[PDB]
Ligand SMILES: [Cu+2]
Ligand SMILES: [Cu+]
Ligand SMILES: [Cu+]
Ligand SMILES: [Zn+2]
Ligand SMILES: [Zn+2]
């Protein structure tokens, strides 16, 4: 019982490019996201499930902004605030930060305790940001993830 | 409601050195380990609660081995096997791998869903390994963490 999500680096100009996958499985403590990515910059990267099952760009202030088609952080319970994966009054789509090693790969799995069944995340997207995630809207909103760097649609 | 564990880099020959702390707090989904460490090798490192509240070395084949005085992974339920943090039949002391950035620091918190109350971890030790953790006893025992790099006694 799993969902393999194809993830691509976002490039509204020359076209998105494959960088691997993220496999979602169920554990007795929540959904587990196991990455198998490469070609990314080393460090911690914001990692959240977004509203729409789309990784396409959107016009914003005359510019084609990468990944805006995915909408905001998935928040079906209306928490209206960014937080920790283990915080109840935070976007349900807030996952633990992704770790990209010196060699540009990410294979360390992370758990989202608030997510319980695979079908619950189908029909949405998974987003990887250029920046990190301090799990707060302070001092930077949405954890300070910044630009949408990679994305995949959850089938 | 927290426990601030002082962590030291282990070196029996030259002397241990302080590398920071690991703060343990309770969340509605389990214990959260928030590191504030520096001076460590970049990459993912095995992170586990060991049985004894000691970070002392022990002689192992004409070679004083670092942190062996901590004994094995804390396994109060007798799982007798290394696994994932979200796996019920794995050592209870099995925590998510710790991320140390290129700059040698670690501040990314991780959740131990199977650990529910602070008092449970008191009287034991927290260990950070040189190698990572594939959360299995194969192809290497105990996730392949290998040598014990840093350690702290949990009061
Ligand atoms: Cu590096
Ligand atoms: Cu996001
Ligand atoms: Cu260990
Ligand atoms: Zn969020
Ligand atoms: Zn273990």
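Note that chain B is numbered according to Swiss-Prot, with residues 32-186 shown in order.
Looks like X-ray crystallography, 1.8 Å, at least that's what the header says.
Quick reminder: no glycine exception, Cβ is built from N, Cα and C everywhere.
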Same-site residue for Zn(2+) (record: Swiss-Prot; known: B:104, B:122, B:125; options: B:113, B:148): B:113
Same-site residue for Cu cation (record: Swiss-Prot; known: B:79, B:81, B:104; options: B:160, B:169): B:160
Annotated recorded positions B:81, B:86, B:122, B:125, B:160, B:182, filtered by Cβ under 6 Å to ligand 5: B:122, B:125
Distance check against residue B:125 (Zn(2+) binding site) for the recorded positions B:79, B:81, B:104, B:160, B:182, keeping those with Cα within 10 Å: B:79, B:81, B:104
Cβ-based neighbourhood (8 Å from the centroid) of the Zn(2+) site, residues B:104, B:113, B:122, B:125 excluded: B:79, B:105, B:106, B:110, B:112, B:114, B:121, B:123, B:124, B:173, B:174
Recorded positions clustered about residue B:104 (Cu cation binding site) [Cα within 10 Å; pool: B:86, B:113, B:122, B:182]: B:113, B:122
